[PDB]
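Visitor: 3D, please:
(3 chains, ligands or ions: 2)
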Amino acid sequence: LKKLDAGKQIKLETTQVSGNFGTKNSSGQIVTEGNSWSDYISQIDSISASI
Amino acid sequence: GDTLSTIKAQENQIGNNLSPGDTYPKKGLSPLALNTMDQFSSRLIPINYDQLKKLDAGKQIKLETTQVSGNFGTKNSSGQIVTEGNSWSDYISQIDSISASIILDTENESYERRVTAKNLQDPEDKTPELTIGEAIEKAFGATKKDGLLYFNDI
Amino acid sequence: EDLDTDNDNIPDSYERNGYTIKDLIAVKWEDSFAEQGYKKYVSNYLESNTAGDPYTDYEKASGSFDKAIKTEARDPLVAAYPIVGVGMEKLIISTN
Ligand SMILES: [Ca+2]
Ligand SMILES: [Ca+2]
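Guide: Numbering: from 1, shown residues only, chains lettered A, B, ... in the order given. Ligands and ions are numbered 1, 2, ... in the order given. See the structure here:
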């Protein structure tokens, strides 16, 4: 706190994010529960070039 | 005009059964207390200091029932009645959107009924059309004697 | 015709030209139906949810979906998507 009130600033860094994607079930209804992105993040990053 | 709190019924204040015309607690029993605010009945309802000063000067706290939840019963693949997962909030709006409400006082015994009303701007609505008299006769079970409707004797 | 690509209950040609729902069946639209109160519907013939809402083309056109949604939502080209907001009325401060 003594550092904070003397002018220093707190920086916020996002280490990771989580979230689901949408897909069709046996019916025509979109379901986005249990379809995580962390399963495909590494696989996509391992075979792709970032632009 | 200040809403002090809105509290949903916890496990202590849930009525297992409520028949038509019945009451929970049943007639002849004291009213149930509602003095817990959180979800696990671990916190008591607080009020402010100015609110308490209002309360001790004669002002009254009113109670308003905004909504009511509950289940209904049906038969599964066996002959056993199951009332879990079935809710009334799925059908409340659909029933209210196509029905006309009718009430009847009859000396402190109220009846509230909903009767299907046909839409005349929809050519594909085949629900039969009823007058007000037919709707009143159907909803309350009144009988006809000489072209007039009697509820039981009134 | 009898082709059905989106595999709903409405043929593709009826979707392309025009159709109306009567007796829970989609029929070719004729201009004489407008005096009876019927409506003319046209929608995508390669999709099952033309508007993006959960209900399909046949459900919306036939009104087989929920009965509390407005009549304007029954044509396939209008989405039945609610818009809910919150409005504050007053604030109470309890000094500690
Ligand atoms: Ca089709
Ligand atoms: Ca279609």
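Visitor: SS state for the closest residue to residue C:15 other than its chain neighbours?
Guide: Leaving out its chain neighbours, the residue that sits closest to residue C:15 by CB to CB, 6 or more residues apart in numbering or on different chains is residue C:45, at 4.1 Å. Where you see a C-beta, it was placed from the backbone N, CA and C, and this is true even at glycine. Counting by DSSP: H, G, I helix; E, B strand; the rest coil, the backbone at residue C:45 sits in coil.
Visitor: mind listing what residue C:45 touches?
Guide: Contacts for residue C:45 (CB atoms under 8 Å, 6 or more residues apart in numbering or on different chains) come out as C:5, C:6, C:12, C:13, C:15, C:16.
Visitor: swap the cut-off to 7 Å and go again
Guide: Applying CB atoms under 7 Å, 6 or more residues apart in numbering or on different chains to residue C:45 gives the contacts C:5, C:6, C:12, C:15, C:16.
Visitor: how much space between it and residue A:41?
Guide: Look at residue C:45 and residue A:41: by CB to CB, to the nearest Å, they are 38 Å apart.
Visitor: now the residue nearest to residue C:15: how far from chain B?
Guide: To chain B, residue C:45 is 23 Å away according to CB to the nearest CB, to the nearest Å.
Visitor: residues contacting residue C:20?
Guide: With CB under 7 Å, 6+ apart, residue C:20 has these contacts: C:27, C:29, C:33, C:38, C:39, C:40, C:41.
Visitor: Give me the neighbour count for whichever residue of chain A sits closest to ligand 1.
Guide: Chain A approaches ligand 1 most closely through residue A:28 (12.9 Å), counting by CB to the ion. The local packing of residue A:28 (other CB atoms under 10 Å in any protein chain shown) involves 15 other residues.
Visitor: was I right about it contacting residue C:56?
Guide: Yes - Residue A:28 is within contact range of residue C:56, at 6.2 Å (criterion: CB atoms under 7 Å).
Visitor: Which residues are in contact with each of these two?
Guide: Counting by CB under 7 Å, 6+ apart, the common neighbours of residue A:28 and residue C:56 are C:48, C:49.
Visitor: interface residues of chain C facing ligand 1?
Guide: Within chain C, the positions near ligand 1 by CB under 5 Å from the ion are C:6, C:8, C:10.
Visitor: same thing but at 8 Å, please
Guide: C:4-12, C:14-15, C:45, C:48, C:57 (CB under 8 Å from the ion).
Visitor: residues in contact with the helix or strand harbouring residue A:42?
Guide: Under the criterion of DSSP states H and E, residue A:42 resides in helix A:38-46. For helix A:38-46, the external contacting residues (CB under 7 Å, 6+ apart) are residue A:18.
Visitor: List the buried residues for it?
Guide: Within helix A:38-46, no residue is scored as buried using 16 or more other CB atoms under 10 Å in any protein chain shown.
Visitor: Settle this for me: residue C:44 is touching residue C:50, isn't it.
Guide: Yes - using CB under 7 Å, residue C:44 makes contact with residue C:50 at a distance of 4.5 Å.
Visitor: out of the two, which sits in the busier spot?
Guide: Set residue C:44 next to residue C:50 and count neighbours by other CB under 10 Å: residue C:50 wins out with 24 against 17.
Visitor: thinking again about what came up before, from the residues of chain C next to ligand 1, which would you call buried?
Guide: When the residues of chain C next to ligand 1 are checked for burial by 16+ other CB under 10 Å, the buried set is C:6, C:8, C:9, C:10, C:11, C:12, C:14, C:15, C:45, C:48, C:57.
Visitor: could you dump these to a markdown table with distance to residue A:37 and secondary structure?
Guide: Below are those laid out as a markdown table (distance: CB to CB, whole Å; DSSP: H, G, I helix; E, B strand; the rest coil):
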| residue | distance to residue A:37 | secondary structure |
| --- | --- | --- |
| C:6 | 29 | coil |
| C:8 | 31 | coil |
| C:9 | 36 | coil |
| C:10 | 36 | coil |
| C:11 | 39 | coil |
| C:12 | 36 | helix |
| C:14 | 40 | helix |
| C:15 | 36 | helix |
| C:45 | 33 | coil |
| C:48 | 26 | coil |
| C:57 | 31 | helix |
